[PDB]
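Have a look at the structure below, then the notes.
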Amino acid sequence: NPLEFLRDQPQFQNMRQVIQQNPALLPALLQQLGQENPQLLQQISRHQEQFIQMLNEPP
């Protein structure tokens, strides 16, 4: 799945940041990921726990 790198790369963290302080655009990054490629979303399914886990970065 293309998420492996997504979860590893700042993609997950980075997002949390922008959306963390500036929660205006929200973590849409995911919407564009699953939407972009009709196959991505499916593979992304493995996320949720990890993806969202960071989406709520403590700091």
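Each chain of the structure tokens is named A, B, ... in the order shown, its residues numbered from 1; ligands are numbered from 1 in display order.
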*DSSP helix (DSSP H, G or I) residues within range 12-48 of chain A, as an MDAnalysis selection string*: chainID A and resid 12:21 29:36 40:44
*asked:* Applying 7 Å and only C-alpha atoms, which residues near range 48-54 of chain A remain after dropping the ones on its own chain fewer than 4 positions away? List them as a VMD selection string.
replied: chain A and resid 7 12 to 13 16
*Nearest to residue 34 in chain A: which of A:22, A:47, A:56, A:9 is it, counting only C-alpha atoms?*
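Nearest candidate to residue 34 in chain A out of A:22, A:47, A:56, A:9: A:47.
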*Could you pull the residues within 8 Å of residue 27 in chain A, counting only C-alpha atoms, minus those fewer than 4 positions along the same chain, as a list in words?*
residues 15, 16, 19, 23, 31 and 55 of chain A
*Nearest to residue 30 in chain A: which of A:45, A:1, A:17, A:57 is it, counting only C-alpha atoms?*
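With only C-alpha atoms as the atom set, the closest residue is A:45.
Counting only C-alpha atoms and comparing A:11, A:3, A:18, A:26, the residue that lies closest to residue 39 in chain A is A:3.
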Find the spatial neighbours of residue 33 in chain A, counting only C-alpha atoms, within a cut-off of 10 Å - ignore same-chain residues fewer than 5 positions away - and output them as a compact mmCIF listing (two decimals) with N, CA, C and O atoms, in the first residue's frame.
# COMPACT_ATOMS: atom_id res chain seq x y z
N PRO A 2 0.39 2.32 -0.67
CA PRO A 2 1.11 3.59 -0.75
C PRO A 2 1.09 4.35 0.57
O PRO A 2 1.67 5.43 0.68
N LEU A 3 0.43 3.77 1.57
CA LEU A 3 0.34 4.39 2.88
C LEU A 3 1.63 4.20 3.66
O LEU A 3 2.08 5.11 4.37
N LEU A 6 3.44 6.99 3.42
CA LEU A 6 2.63 8.08 3.94
C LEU A 6 2.73 8.15 5.46
O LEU A 6 2.93 9.22 6.03
N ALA A 28 -7.41 17.34 5.27
CA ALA A 28 -7.97 16.93 3.99
C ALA A 28 -6.98 16.06 3.23
O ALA A 28 -7.37 15.23 2.40
N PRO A 38 -8.32 5.94 -7.08
CA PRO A 38 -9.41 5.05 -6.68
C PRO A 38 -8.90 3.80 -5.97
O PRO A 38 -9.65 3.12 -5.27
N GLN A 39 -7.62 3.52 -6.14
CA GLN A 39 -7.00 2.36 -5.51
C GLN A 39 -6.32 2.75 -4.20
O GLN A 39 -6.22 1.94 -3.28
N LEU A 40 -5.87 4.00 -4.12
CA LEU A 40 -5.21 4.50 -2.93
C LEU A 40 -6.09 4.30 -1.70
O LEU A 40 -5.73 3.56 -0.78
N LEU A 41 -7.24 4.97 -1.68
CA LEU A 41 -8.17 4.87 -0.57
C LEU A 41 -8.19 3.46 0.00
O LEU A 41 -7.94 3.25 1.19
N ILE A 44 -5.20 2.59 1.67
CA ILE A 44 -5.11 3.45 2.84
C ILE A 44 -5.91 2.88 4.01
O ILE A 44 -5.61 3.15 5.17
*Which of these, A:24, A:29, A:37, A:58, has the shortest distance to residue 10 in chain A once you count only C-alpha atoms?*
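Selected residue with least distance to residue 10 in chain A: A:29.
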